[PDB]
Amino acid sequence: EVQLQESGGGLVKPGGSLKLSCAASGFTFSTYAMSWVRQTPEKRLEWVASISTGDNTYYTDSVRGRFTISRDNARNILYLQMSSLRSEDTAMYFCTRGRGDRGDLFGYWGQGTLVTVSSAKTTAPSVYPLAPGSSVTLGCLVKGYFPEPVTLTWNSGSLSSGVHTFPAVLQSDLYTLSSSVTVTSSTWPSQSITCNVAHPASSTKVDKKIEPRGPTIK
Amino acid sequence: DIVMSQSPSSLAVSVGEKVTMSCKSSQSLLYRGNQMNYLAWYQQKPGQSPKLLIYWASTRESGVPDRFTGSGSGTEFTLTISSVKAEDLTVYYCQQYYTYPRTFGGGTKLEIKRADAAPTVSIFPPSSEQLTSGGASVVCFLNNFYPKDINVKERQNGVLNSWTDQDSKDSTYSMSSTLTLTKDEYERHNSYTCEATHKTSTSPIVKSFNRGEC
């Protein structure tokens, strides 16, 4: 019933500029004083900025000048404007709302939007389908996609358990990323199973249907 | 610029036991004039935001379990886990909100350690499509096992790999295998095998095939 949704992350080259957007529903927006927290690739959490019930802003030193924190009570939105990005700043960005009608405690949390800062080039991904008596398994591969992240679903997400999606792996600016899925032999290819994948901001959206490798040579 | 310190770095528990978390602080988060400790604990289930577990170093946030208690004061604080479940397989963190900048600790990973399990494998040739662009990459899949301590494998000039963090359900791990190659070099050989070596696997576990083109 308290929802915080981030928007607009992604990739910038160094010295670039991003305006993040956290969109709140489900409470008296002006009554609480909000903030932003980022999480380093090394998984380390960093406070960033905070903005009082009355627009008193507060930043961590590493970002002073670059980053400006700004709330619009009208539309229940919060912004982090991020100019002049350093390579450090590559991380996951969460807004937070206050615990109570009080200080900047990180009561509630958005889901997080990611900001990647290389110079590297936006590249859409490839999808390569892994096709091979108890239980068969099949997988889906994403060789070469940048920047991170992507969203792998199975049968438009209808496939719950038996998935083991793996962390991506950057080598030479292209992330490689697998996923595994298992059903009784009685299931595939009895019933169609498709890898669904989205890559944002390349604005691509792919679905590669898992089909059997057939014997055809010449 | 208060510096938080969480110890130890790693851990190993089992469902039912007790768990003690340690936050050292570089200053007192206790303010004489309201006798309040300005300190808070977090749990961040992997792939998610963190949640507020504990604040004012003791007060449970609403909907926090009873099996969580926060104690301590001033500079040396402590997080209490009565019965560790596996719904508690995650990391944990502490912050201070006395002054700016707000500060977090180095976190603590509790790796649950329940039972040695049996790694299910599955080996997968390159796809009739990947070859068609340039390249090819077998994959084998370890699934639903403990411990995380199992490496796997005969020319190994460039692969990639990927682990899951522990399943919050069955306390397992699982592994990927990007056995990348040149397309045409993939025909220069025929017989293609991955092999595992577990803690319960003295005699290893193998899955294999021959290049379906001979």
# chains A, B, ... in the order shown; residues from 1 in each chain; ligands from 1
$ select_by_dssp --residues "stretch 21-131 of chain A" --states "strand (DSSP E)" --output "number ranges by chain"
A: 21-25, 34-39, 45-51, 57-59, 67-72, 77-83, 91-98, 106-109, 113-116, 128-130
$ residues_around --residues "residue B:173" --least-positions-apart "6" --cutoff "12 Å" --atoms "only C-alpha atoms" --output "ChimeraX atom specification"
/A:164-166 /B:111-120,141-150,162-167
$ interface_residues --of "chain A" --to "chain B" --cutoff "8 Å" --atoms "only C-alpha atoms" --output "PyMOL selection string"
chain A and resi 44-47+59-61+94+105-112+128-132+137-138+164-169+178-180+213
$ residues_around --residues "residue A:193" --least-positions-apart "3" --cutoff "9 Å" --atoms "only C-alpha atoms" --output "ChimeraX atom specification"
/A:154-155,159,188-189,209-211
$ write_last_selection --atoms "C-alpha atoms" --output "JSON list (two decimals), in the first residue's frame"
[["chain", "number", "residue", "atom", "x", "y", "z"],
["A", 154, "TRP", "CA", 9.60, -18.20, -19.46],
["A", 155, "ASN", "CA", 6.33, -18.48, -21.37],
["A", 159, "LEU", "CA", 6.75, -20.63, -15.60],
["A", 188, "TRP", "CA", 8.04, -30.51, -23.66],
["A", 189, "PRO", "CA", 7.66, -30.33, -26.63],
["A", 209, "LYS", "CA", 10.64, -20.06, -28.98],
["A", 210, "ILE", "CA", 12.39, -23.23, -27.77],
["A", 211, "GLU", "CA", 12.19, -25.77, -30.68]]
$ residues_around --residues "residue B:197" --least-positions-apart "6" --cutoff "8 Å" --atoms "only C-alpha atoms" --output "ChimeraX atom specification"
/B:150-152,203-205
$ write_last_selection --atoms "N, CA, C and O atoms" --output "compact mmCIF listing (two decimals), in the first residue's frame"
# COMPACT_ATOMS: atom_id res chain seq x y z
N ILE B 150 32.03 -26.72 -4.90
CA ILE B 150 32.27 -27.73 -5.92
C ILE B 150 32.70 -27.08 -7.23
O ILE B 150 31.90 -26.40 -7.88
N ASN B 151 33.97 -27.26 -7.63
CA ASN B 151 34.40 -26.86 -8.96
C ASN B 151 34.19 -28.03 -9.94
O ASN B 151 33.81 -29.14 -9.54
N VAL B 152 34.46 -27.78 -11.23
CA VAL B 152 33.92 -28.59 -12.33
C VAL B 152 34.77 -28.45 -13.59
O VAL B 152 35.40 -27.41 -13.82
N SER B 203 33.75 -40.42 -6.63
CA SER B 203 33.52 -40.75 -8.02
C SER B 203 32.65 -39.67 -8.66
O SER B 203 31.44 -39.60 -8.37
N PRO B 204 33.21 -38.80 -9.51
CA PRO B 204 32.47 -37.65 -10.04
C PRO B 204 31.20 -38.02 -10.80
O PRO B 204 30.92 -39.19 -11.08
N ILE B 205 30.42 -36.99 -11.13
CA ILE B 205 29.18 -37.10 -11.91
C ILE B 205 29.40 -36.44 -13.27
O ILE B 205 29.84 -35.28 -13.35
$ closest_residue --among "A:48, A:115, A:12, A:78" --to "residue A:32" --atoms "only C-alpha atoms"
A:78
$ residues_around --residues "residue A:122" --least-positions-apart "4" --cutoff "9 Å" --atoms "only C-alpha atoms" --output "PyMOL selection string"
chain A and resi 11+145-147+201-202
$ write_last_selection --atoms "C-alpha atoms" --output "PDB file, in the first residue's frame"
ATOM      1  CA  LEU A  11      23.442   4.255 -19.149  1.00  0.00           C
ATOM      2  CA  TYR A 145      24.178  -7.132 -24.494  1.00  0.00           C
ATOM      3  CA  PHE A 146      25.044  -3.787 -23.039  1.00  0.00           C
ATOM      4  CA  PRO A 147      24.343  -1.960 -20.802  1.00  0.00           C
ATOM      5  CA  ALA A 201      16.553   1.592 -23.716  1.00  0.00           C
ATOM      6  CA  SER A 202      17.690  -0.364 -26.616  1.00  0.00           C
TER       7      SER A 202
END
$ select_by_dssp --residues "stretch 20-210 of chain A" --states "helix (DSSP H, G or I)" --output "VMD selection string"
chain A and resid 29 to 31 61 to 63
$ write_last_selection --atoms "N, CA and C atoms" --output "mmCIF file, in the first residue's frame"
data_model
loop_
_atom_site.group_PDB
_atom_site.id
_atom_site.type_symbol
_atom_site.label_atom_id
_atom_site.label_comp_id
_atom_site.auth_asym_id
_atom_site.auth_seq_id
_atom_site.Cartn_x
_atom_site.Cartn_y
_atom_site.Cartn_z
ATOM 1 N N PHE A 29 1.573 12.469 0.649
ATOM 2 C CA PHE A 29 2.941 12.608 0.143
ATOM 3 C C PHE A 29 3.741 13.703 0.851
ATOM 4 N N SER A 30 3.142 14.875 1.053
ATOM 5 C CA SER A 30 3.884 15.968 1.662
ATOM 6 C C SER A 30 4.236 15.707 3.129
ATOM 7 N N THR A 31 3.606 14.720 3.793
ATOM 8 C CA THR A 31 3.783 14.620 5.243
ATOM 9 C C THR A 31 5.114 14.011 5.633
ATOM 10 N N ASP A 61 28.982 13.939 0.631
ATOM 11 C CA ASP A 61 29.971 14.857 0.086
ATOM 12 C C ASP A 61 30.340 14.485 -1.347
ATOM 13 N N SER A 62 30.524 13.178 -1.609
ATOM 14 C CA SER A 62 31.002 12.696 -2.911
ATOM 15 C C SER A 62 30.171 13.209 -4.081
ATOM 16 N N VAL A 63 28.941 13.651 -3.832
ATOM 17 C CA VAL A 63 28.054 14.090 -4.893
ATOM 18 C C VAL A 63 27.695 15.558 -4.791
#
$ residues_around --residues "residue B:158" --least-positions-apart "3" --cutoff "9 Å" --atoms "only C-alpha atoms" --output "list in words"
residues 155, 179, 180 and 181 of chain B
$ residues_around --residues "residue B:78" --least-positions-apart "3" --cutoff "10 Å" --atoms "only C-alpha atoms" --output "MDAnalysis selection string"
chainID B and resid 6 19:24 41 57:58 69:73 81 94
$ write_last_selection --atoms "N, CA and C atoms" --output "short mmCIF file (atom, residue, chain, number, x, y, z; two decimals), in the first residue's frame"
data_model
loop_
_atom_site.label_atom_id
_atom_site.label_comp_id
_atom_site.auth_asym_id
_atom_site.auth_seq_id
_atom_site.Cartn_x
_atom_site.Cartn_y
_atom_site.Cartn_z
N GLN B 6 30.61 -4.03 10.76
CA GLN B 6 29.86 -5.25 11.02
C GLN B 6 30.79 -6.44 10.89
N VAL B 19 21.46 -16.42 16.32
CA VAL B 19 22.34 -15.58 15.50
C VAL B 19 22.56 -14.23 16.18
N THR B 20 23.83 -13.85 16.27
CA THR B 20 24.26 -12.62 16.92
C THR B 20 24.95 -11.75 15.88
N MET B 21 24.42 -10.56 15.66
CA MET B 21 25.02 -9.60 14.76
C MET B 21 25.67 -8.50 15.58
N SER B 22 26.79 -7.95 15.06
CA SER B 22 27.65 -7.00 15.77
C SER B 22 27.87 -5.76 14.91
N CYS B 23 27.41 -4.61 15.39
CA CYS B 23 27.63 -3.34 14.71
C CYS B 23 28.55 -2.57 15.63
N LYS B 24 29.77 -2.33 15.17
CA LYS B 24 30.60 -1.33 15.82
C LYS B 24 30.42 0.01 15.12
N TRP B 41 18.65 -1.44 11.83
CA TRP B 41 19.10 -2.67 11.18
C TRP B 41 18.31 -2.95 9.90
N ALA B 57 17.59 1.10 17.45
CA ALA B 57 18.52 0.01 17.79
C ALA B 57 17.83 -1.16 18.48
N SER B 58 16.56 -0.96 18.85
CA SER B 58 15.75 -1.91 19.59
C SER B 58 14.34 -2.10 19.06
N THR B 69 15.07 -9.41 17.62
CA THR B 69 15.14 -8.44 18.70
C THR B 69 16.40 -7.59 18.53
N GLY B 70 16.28 -6.30 18.82
CA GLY B 70 17.40 -5.37 18.72
C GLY B 70 17.76 -4.85 20.10
N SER B 71 19.05 -4.84 20.39
CA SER B 71 19.54 -4.53 21.73
C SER B 71 20.74 -3.60 21.60
N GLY B 72 21.49 -3.44 22.68
CA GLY B 72 22.70 -2.64 22.64
C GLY B 72 22.41 -1.14 22.63
N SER B 73 23.50 -0.37 22.57
CA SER B 73 23.44 1.08 22.75
C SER B 73 24.79 1.72 22.49
N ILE B 81 18.70 -12.99 16.72
CA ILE B 81 17.86 -13.97 16.02
C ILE B 81 17.66 -15.20 16.89
N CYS B 94 23.45 -2.51 9.21
CA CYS B 94 23.16 -1.54 10.26
C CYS B 94 23.42 -0.14 9.72
#
$ closest_atom_pairs --of "stretch 69-89 of chain A" --to "stretch 40-43 of chain A" --cutoff "12 Å" --atoms "only C-alpha atoms" --output "JSON lines"
{"residue": "A:87", "atom": "CA", "partner": "A:40", "partner_atom": "CA", "distance": 11.0}
{"residue": "A:88", "atom": "CA", "partner": "A:40", "partner_atom": "CA", "distance": 8.2}
{"residue": "A:89", "atom": "CA", "partner": "A:40", "partner_atom": "CA", "distance": 7.8}
$ write_last_selection --atoms "C-alpha atoms" --output "JSON list (two decimals), in the first residue's frame"
[["chain", "number", "residue", "atom", "x", "y", "z"],
["A", 87, "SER", "CA", 32.80, 6.02, -12.86],
["A", 88, "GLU", "CA", 32.23, 5.50, -9.11],
["A", 89, "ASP", "CA", 28.53, 6.42, -9.37]]
